[PDB]
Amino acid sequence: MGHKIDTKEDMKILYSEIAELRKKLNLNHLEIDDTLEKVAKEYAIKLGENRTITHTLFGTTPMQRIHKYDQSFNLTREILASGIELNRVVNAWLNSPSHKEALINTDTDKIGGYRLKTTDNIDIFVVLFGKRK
């Protein structure tokens, strides 16, 4: 895998876009969560190293990946994207019924994600949603 590029600013844009979408629907406000951000980043790097996009890499599930760091999450969702520009990704997820369901969910109060963008043209979003016990 090539070198990673900083995407902090990208994720600030994306969080803001998702927040505005949810606000226009009068849905609940999601707070950015450090644990979800760490899990999303670790997973995004594995997806990129292994040349795949999948929710079940190495026999893990999104809940299980989050429970490795914090077992108090009792409800979670995961959305992925690859090869899609930042200013197109929300609409690309809205066009998928299962992805749209996650973006407009009322079950979770926390969000955290990561964008992997590398020098060899890997471009992956991982966005997680969660609710703690």
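In this text, residue numbers run from 1 along the sequence as written.
Judged by mean Cα B factor in the deposited record, 66-74 ranks above the other of 66-74 and 101-109. Taking only CA atoms, the mean B-factor in the PDB entry is higher for 23-31 than for the other of 90-98 and 23-31.
Of the candidates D10, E17, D120, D123, the one whose C-alpha carries the top B factor in the deposited record is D120. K41: CA B factor lies in the lowest third for its chain, per the PDB record. When all modelled residues of the chain are sorted by CA temperature factor, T61 is found within the highest third.
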